[PDB]
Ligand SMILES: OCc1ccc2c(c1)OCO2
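Given as structure tokens, the chain that follows is alone and in the form deposited without the ligand.
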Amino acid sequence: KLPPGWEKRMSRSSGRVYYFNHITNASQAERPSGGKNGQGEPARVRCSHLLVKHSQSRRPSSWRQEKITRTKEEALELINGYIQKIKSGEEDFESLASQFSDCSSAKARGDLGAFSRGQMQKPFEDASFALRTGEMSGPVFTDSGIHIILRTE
């Protein structure tokens, strides 16, 4: 049971029961499924993303600032904030991606087009193919920094 990467978990020092995906780092209160077998994964997918660079990205620079100085910690803080804000319904992925993504793909509301495996940085790729159409990732780390991924196709 439960699609690839999912497992029921619980918060430490707390009792909240939630479902976590080890591949996408995504969290949610709703059970990820309610049968299909040998389905596998998509041969190709289309995703959008929001990148938050920190002082340790392979390129600590973006169209937002010539020199990124924030730390990973601070970058993760910014990420969780955007996710929380997206999940609450106070903001939409597209608008936050266009405003605060350090990836030049911001001009296209964070849209990266379609790609297959072997095209994106491994950790990014792995999350992308573990997502189902319409699902958003949790904090995903790469050399570029930390991302939030939304699969659209």
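Quick note: we count residues from 1 along the sequence shown, nothing fancier.
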Quiz item: Comparing 36-44 with 101-109, which has the greater mean CA B-factor as deposited?
Solution: 36-44
Exercise. Could you check which stretch, 143-151 or 2-10, carries the larger mean CA temperature factor in the entry?
Key: 2-10
Quiz prompt | Candidate set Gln65, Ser27, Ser128, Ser88 [ranked by C-alpha B-factor, highest] | solution = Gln65
Quiz item: Is the Cα B-factor recorded for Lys53 in the lowest, middle or highest third of its chain?
Solution: lowest
Quiz item: For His22, does the deposited CA B-factor place it in the lowest, middle or highest third of the chain?
Solution: middle
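One more form of this protein, solved in complex with the ligand, exists but is not displayed; see below.
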Quiz prompt | Close approach of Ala127 to the ligand in the entry with it bound, 4.5 Å, heavy atom | solution = no
Quiz item: Is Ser104 close enough to the ligand in the entry with it bound to count, meaning some heavy atom within 4.5 Å?
Solution: yes
Practice problem: Pull the contact list for 111-142: residues with a heavy atom within 4.5 Å of the ligand in the entry with it bound, in sequence order. | Solution: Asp111, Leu112, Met120, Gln121, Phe124
